[PDB]
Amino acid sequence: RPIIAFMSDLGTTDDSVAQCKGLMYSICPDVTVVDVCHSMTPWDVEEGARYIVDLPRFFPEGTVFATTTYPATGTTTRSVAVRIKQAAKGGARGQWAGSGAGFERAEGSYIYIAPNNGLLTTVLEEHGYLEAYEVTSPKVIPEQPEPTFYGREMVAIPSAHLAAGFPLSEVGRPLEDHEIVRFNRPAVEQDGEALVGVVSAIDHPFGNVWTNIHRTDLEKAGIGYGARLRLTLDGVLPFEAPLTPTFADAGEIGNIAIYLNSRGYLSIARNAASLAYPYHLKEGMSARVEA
């Protein structure tokens, strides 16, 4: 049965990920380990959060998410293990993933285990949670953990025990909500008739530009598909296009497309060409949209 989906900042150029995987198979012989990605900017908890927030709906119920960037490795800190509530960001207008009308996922069906450093901020915000525990029991972590490798000791190892059916509530004491570290999410400001945000990510390998201006932020301004937009990046680049569902709607190869990405965020790209790379556009640059 069991699946662990594994996301880290460990990279793919040495044996760090393999050591974690070896231990997952040692503990839970029948496990399937699925890599999410291992390439996140080291120590960038906000970036790590983006790669793990929308996973549950895509995976079978009972999947465990081992998600780790651990700059506090070797300190007295301990990981948090949480059972999430709802698999969607939606649920009302479902938008389940899969063929047909998609695969509906039951509530309380996924566990995340992570450093208690805010990595799970958006997971908890979008999904809610039913229970959360500090990971302390020597049944699921080493008695003598390697100081420089808590991703392995405090995330990979216990994730496999959880996958093998170790009761969640036995990993350690319950954590009160305020004991779960969170980062602040800069809010999209409803300025004038415009919405002012940032570039949240460059979408590699395509060089598409993703903003933190969500479809729900747009709905709030009556902005829908077909609306002629001005999207200004870095303060000085007033891109102009209608909001369209996809890249090819821009027509000629290389033409600008303003669109909603697969997370429902306002994005901008060229049609089958890279927008970000030629002009060295970067995450953190300002993004303003108006109709």
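Numbers for residues come from their place in the sequence shown, where the first is 1.
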Between 105 to 113 and 189 to 197, the record assigns the higher mean Cα B factor to 189 to 197
Where do the C-alpha atoms have the higher mean temperature factor in this entry, in 94 to 102 or in 73 to 81? 94 to 102
Between 164, 218, 156, 140, which one tops the list for Cα B-factor in this entry? 218
From the entry's CA B-factor values, the highest among 60, 242, 224, 238 is 224
Pull the Cα B-factor of residue 291 out of the PDB entry and bin it into the chain's lowest, middle or highest third. highest
Against its chain's modelled residues, does residue 283's Cα B factor rank lowest, middle or highest third? highest
Please rank the C-alpha B-factors of the chain's modelled residues and tell me whether residue 173 sits in the lowest, middle or highest third. middle
In terms of its chain's C-alpha B-factors, the third that includes residue 121 is the lowest
Ranking the modelled residues of this chain by C-alpha B-factor as given in the entry, is residue 266 in the lowest, middle or highest third? middle
